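The data below hold one chain only, encoded as structure tokens and taken in the form deposited in one PDB entry.
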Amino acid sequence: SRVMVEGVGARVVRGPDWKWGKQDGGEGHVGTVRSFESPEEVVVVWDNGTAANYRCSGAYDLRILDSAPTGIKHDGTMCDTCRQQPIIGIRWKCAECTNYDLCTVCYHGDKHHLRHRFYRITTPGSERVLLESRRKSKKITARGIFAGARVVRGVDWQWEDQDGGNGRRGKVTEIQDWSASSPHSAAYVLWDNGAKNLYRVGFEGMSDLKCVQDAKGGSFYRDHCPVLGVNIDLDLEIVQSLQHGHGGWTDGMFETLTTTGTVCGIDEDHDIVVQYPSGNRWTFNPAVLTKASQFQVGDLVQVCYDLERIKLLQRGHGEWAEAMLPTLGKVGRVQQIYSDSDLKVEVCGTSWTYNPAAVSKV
């Protein structure tokens, strides 16, 4: 029979039945499953340091962002984008292709076709659950202990005065695997006193670090997460072949394959220079990158006044509403550029979510 996996070390965010205010630090903020009081109650240590108990039965206060740190894996599968084998964590199987699967990083990282609907297969014992397409689904940003985050020692700290003392601060340089069997479970920290080391952030449900300034850890399809209880659209090898004589490839760049960077610079080398929310800047062959977005916060844009097309564009991205009719042809301001490249636009006093093709720069 199917049974619940008490996956200590799971990286989680707030769930559908959440009613505990700002304990997590806000929606999308990440925490670590420390332990299970019972099959109905779980203890989470949020990246902001707040530790608390939550419901995981009947009511569900938590969603699983990443179970990979628990070491749970689907032997006999491979992610067809990054070639992780076995898939560790949640398994995502394309329902619309023959024998195609993604890992969590690649799935939330918009690999494969966004219009292809996937099965979620949370555990080896799980029955597969057909999802809506990513292209029509809401995407929010994860926040907490990620690259660029400002941290102090956490509750499970057992590493002497490597940080220079309790309360002394450092910067998360990179999220790493504490072990091969537990990916995405550690954070490498460069302390303000020049000391540096690797610390547990999820491994065996441990929390060695605590945010004083959380950082963005990429975006995810919230409603596709199971309850507890410029871009690069080319394969790595193609990128590698293209990067020869345009900056080359190193292993510090793996962020770029699933992370949206911003074109901060061009250069005389016929090449491009891109920064990422980690703080790193990287150089590329032009053919490696694809643009979107073409907009910036503050851009004035006119809403498309072809109703057929805006209906198509909005429905295609799961954002059509008849109440949008009076916005056609109106000029508005780009308030925010979402992670799925849709635009928060302020028009008619109100704000709406637009397919970027449904507006034109003034």
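In this text, rigid core is short for the largest set of C-alphas that superpose within 1.5 Å between two forms. Residues carry their position along the shown sequence, with the first being 1.
Only in words, not in the display: the form deposited in another entry, which the text now covers.
246 is the only residue from 112, 210, 246, 117 whose Cα shifts by 2 Å or more between this form and the one not shown, the rigid core being superposed. After superposition on the rigid core, the Cα atom of residue 192 is displaced by less than 2 Å between this form and the one not shown.
Taking the rigid core as fixed, one finds a CA shift for residue 235 of 2 Å or more between this form and the one not shown. With the core held fixed, residue 78 shows a CA shift below 2 Å between this form and the one not shown. One change in that other deposited form concerns residue 266 and residue 336, whose Cα atoms lie at least 3 Å farther apart than in this form. Relative to the displayed conformation, the Cα-Cα distance from residue 299 to residue 272 grows by 3 Å or more in that other deposited form.
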